[PDB]
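Structure first, then comments.
Number of protein chains: 2
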Amino acid sequence: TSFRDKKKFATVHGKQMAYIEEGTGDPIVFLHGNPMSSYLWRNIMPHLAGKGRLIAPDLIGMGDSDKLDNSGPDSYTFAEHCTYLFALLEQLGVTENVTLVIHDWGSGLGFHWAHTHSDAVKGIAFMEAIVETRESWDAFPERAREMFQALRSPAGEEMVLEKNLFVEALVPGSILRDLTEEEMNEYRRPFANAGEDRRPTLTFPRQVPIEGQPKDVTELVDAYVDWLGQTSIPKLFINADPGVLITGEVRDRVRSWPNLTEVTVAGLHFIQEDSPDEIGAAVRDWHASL
Amino acid sequence: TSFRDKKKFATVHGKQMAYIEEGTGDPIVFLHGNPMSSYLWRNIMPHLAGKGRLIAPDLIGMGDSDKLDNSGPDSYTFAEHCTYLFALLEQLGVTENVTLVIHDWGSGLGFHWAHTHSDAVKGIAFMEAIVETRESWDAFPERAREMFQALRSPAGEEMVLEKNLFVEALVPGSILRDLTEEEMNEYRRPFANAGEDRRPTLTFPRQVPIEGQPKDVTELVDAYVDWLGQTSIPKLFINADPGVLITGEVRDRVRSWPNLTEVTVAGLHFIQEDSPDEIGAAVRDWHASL
Ligand SMILES: [Cl-]
Ligand SMILES: [Cl-]
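Chains A and B, in that order, are what the protein sequence lines are.
The first sequence maps to residues 1 to 290 in the numbering used here.
The second sequence maps to residues 291 to 580 in the numbering used here.
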């Protein structure tokens, strides 16, 4: 909890939002995805200490951030995460010369933010990220396909709200090493309570843009992907071996993007737990050249 | 289906048991574990073609072997698997000069078979195997610790018989690559029906010797581990990187066994799906020296 003690709190739309904030300078913003928190970045951030104002927010209802009132099936959508995070980013004075370091849904949020604040961005470092919409399930990793489809059905509530299956099944299956009990416990902690506390981890898989659904997210991702293909903003692609989300043909498409630096590290999906020092060193070295 | 079309059948305690059998000579017996079948060995066996009589059985209630009558909480124990497999091996004339190639519960069965038929064994090649009893849950891999704890509780029936979680969550989580939908379907096939058809995948986790339970398995595993430490029978340890079951201090213990050759291949638990040719070549070269 010495990491957890380091968190500051800010009131955003009446909700207490937790975030790490260390140092001064232009912001380097680390965005976690599902079902993680700023904790995912704990071993990467020290590699950027003194290189800027390091910020890693706990997304709404995640980490040490407050949960939403009257939480339901429509709670914790992508748009809602935007409202809270963007406002948090605004309140923290994150408006210019921003470096983004992004993963999974953190990359959905980060890419969208950069696309809509294209003049405010110094560089984008991304990994195991949302870099496409999917026309079919055929392009969705077999590793999680059945689980994800089941989550895209009424069964999801049982799996997630009652059984915590995203945290308990999907996290460890996509890390190469074993987590310590301590680490897995911190990932459990925001979601230990059965019921609505675990809602962020179910809505996220339901927000993944597949076959046009959801419409708002599909359009949103399609827009930023088109823009990433043209923008001269420096990009660091942290490729994973073997990887999960960015493998095969997706990799080829990502590699066509302009002003792109690439480093490969060992990992599946939650690659921060497998190669944090290689990731941090790569981000530091690349950032230094911006 | 050209692989399944290859299976021969034998009646064992009134039940049909399926098996691959190719070639002639001294038997080379490939034993799968949970929740798999002889299919797991399909890319490894060709490396031993013409080196002996190749035999890959489907365990009772698994692959294309029959399901047991009146299946319930007491069915498909380790003892029961021995009853069927050991009878199959006797009925196939696997009685001398036997080379074993074993994995997971296949290794529990193979190691026990070897211990109880010590004058019949030419060599034992093993990977991601049952090589210890565990004195506490802390020594069980975090990757599936909570899952296994849940499975061993009364919650097990719901997780497996209804939700088929061992096949759906635990298999893809412990292979480095993505399986094809075709490959995953073959592992799904014996367990497509909800209910007791899935019992073997539930009783197996309940049979892992942890904190002295079950008593019978703990004792037979301790007994064969003691013997493996003493026997001159040649052993090939196929170590997996990063591995799941045999990692950390477990490796050190296995490495102390006499007449042991070691090769490391990439993989998690179901390593045959990640490094079949490396495994096949290692077995072939080692077998050549026996
Ligand atoms: Cl997700
Ligand atoms: Cl098992």
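The C-beta atom is built at its ideal place from N, Cα and C for all residues, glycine as well.
Bounding residues of the alpha helix (DSSP H) (the contiguous stretch that carries residue i)
i                : result
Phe438 (chain B) : 435 to 442
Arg53 (chain A)  : No alpha helix (DSSP H) holds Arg53 (chain A); the beta strand (DSSP E) holding it covers 53 to 57.
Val540 (chain B) : 539 to 544
Of the residues the options, the one placed nearest residue i, counting alpha carbons only
i                     : options                                : result
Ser327 (chain B)      : B:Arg442, B:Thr491, B:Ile528           : B:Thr491
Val411 (chain B)      : B:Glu563, B:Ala482, B:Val391           : B:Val391
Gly61 (chain A)       : A:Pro214, A:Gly50, A:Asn43, A:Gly33    : A:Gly33
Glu436 (chain B)      : A:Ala129, A:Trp113, A:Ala150, A:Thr180 : A:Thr180
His115 (chain A)      : A:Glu219, A:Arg253, A:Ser275           : A:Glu219
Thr367 (chain B)      : B:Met335, B:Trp395, B:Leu535           : B:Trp395
residue 263 (chain B) : B:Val515, B:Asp564, B:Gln520           : Lying outside 291 to 580, the shown extent of chain B, residue 263 (chain B) is not represented and no answer is given.
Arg332 (chain B)      : B:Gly570, B:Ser355, B:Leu382, B:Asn549 : B:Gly570
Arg488 (chain B)      : B:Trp403, B:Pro548, B:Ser361           : B:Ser361
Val283 (chain A)      : A:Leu68, A:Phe126, A:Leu89             : A:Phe126
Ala484 (chain B)      : B:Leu378, B:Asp506, B:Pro532, B:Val457 : B:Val457
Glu135 (chain A)      : A:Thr261, A:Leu161, A:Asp222           : A:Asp222
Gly383 (chain B)      : B:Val421, B:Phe401, B:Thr314           : B:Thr314
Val450 (chain B)      : B:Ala429, B:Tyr477, B:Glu486, B:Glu473 : B:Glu486
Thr261 (chain A)      : A:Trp286, A:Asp241, A:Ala49, A:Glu278  : A:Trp286
Residue i in three-state terms, based on DSSP
i                     : result
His393 (chain B)      : strand
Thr180 (chain A)      : coil
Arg489 (chain B)      : coil
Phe320 (chain B)      : strand
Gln520 (chain B)      : coil
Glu186 (chain A)      : helix
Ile20 (chain A)       : strand
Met45 (chain A)       : helix
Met326 (chain B)      : coil
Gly63 (chain A)       : coil
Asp531 (chain B)      : strand
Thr261 (chain A)      : strand
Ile279 (chain A)      : helix
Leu290 (chain A)      : coil
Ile210 (chain A)      : strand
residue 258 (chain B) : Since the first and last residues shown for chain B are 291 and 580, residue 258 (chain B) lies out of range.
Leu268 (chain A)      : coil
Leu236 (chain A)      : strand
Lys305 (chain B)      : strand
Neighbour-count burial assignment, residue i, 16 or more Cβ in a 10 Å radius
i                : result
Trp427 (chain B) : exposed
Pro431 (chain B) : buried
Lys6 (chain A)   : exposed
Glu370 (chain B) : buried
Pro35 (chain A)  : buried
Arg255 (chain A) : exposed
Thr95 (chain A)  : exposed
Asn454 (chain B) : buried
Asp74 (chain A)  : exposed
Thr291 (chain B) : exposed
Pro566 (chain B) : buried
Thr423 (chain B) : buried
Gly398 (chain B) : buried
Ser289 (chain A) : exposed
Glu128 (chain A) : buried
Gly229 (chain A) : exposed
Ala144 (chain A) : buried
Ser118 (chain A) : exposed
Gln16 (chain A)  : exposed
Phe293 (chain B) : exposed
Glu452 (chain B) : exposed
Range of the contiguous beta strand (DSSP E) that encloses residue i
i                : result
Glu380 (chain B) : Counting along the chain, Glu380 (chain B) falls outside any beta strand (DSSP E), though it belongs to the alpha helix (DSSP H) covering 368 to 381.
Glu418 (chain B) : 411 to 419
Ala445 (chain B) : Unbroken run through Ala445 (chain B): none, as it is neither H nor E.
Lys8 (chain A)   : 8 to 12
- Query: Does the pairing of the stretch 312 to 327 of chain B with the stretch 341 to 359 of chain B give three or more beta-carbon distances under 8 Å?
  - Reply: yes
- Given 8 Å as the limit, is there contact between the stretch 2 to 17 of chain A and the stretch 64 to 84 of chain A, that is, 3 or more CB pairs closer than that? yes
- Query: Should the stretch 552 to 561 of chain B be regarded as contacting the stretch 460 to 473 of chain B, the criterion being three or more beta carbon pairs within less than 8 Å?
  - Reply: yes
- Three-pair Cβ contact test at 8 Å for the stretch 487 to 507 of chain B versus the stretch 429 to 448 of chain B: yes
- Using 8 Å as the Cβ pair cut-off and three pairs as the minimum, do the stretch 497 to 505 of chain B and the stretch 517 to 527 of chain B touch? no
- Whose beta carbon lies closer than 5 Å to any heavy atom of ligand 4, going through the chain in order? In the structure on display, ligand 4 does not appear, and the ligands it does have are ligand 1 and ligand 2.
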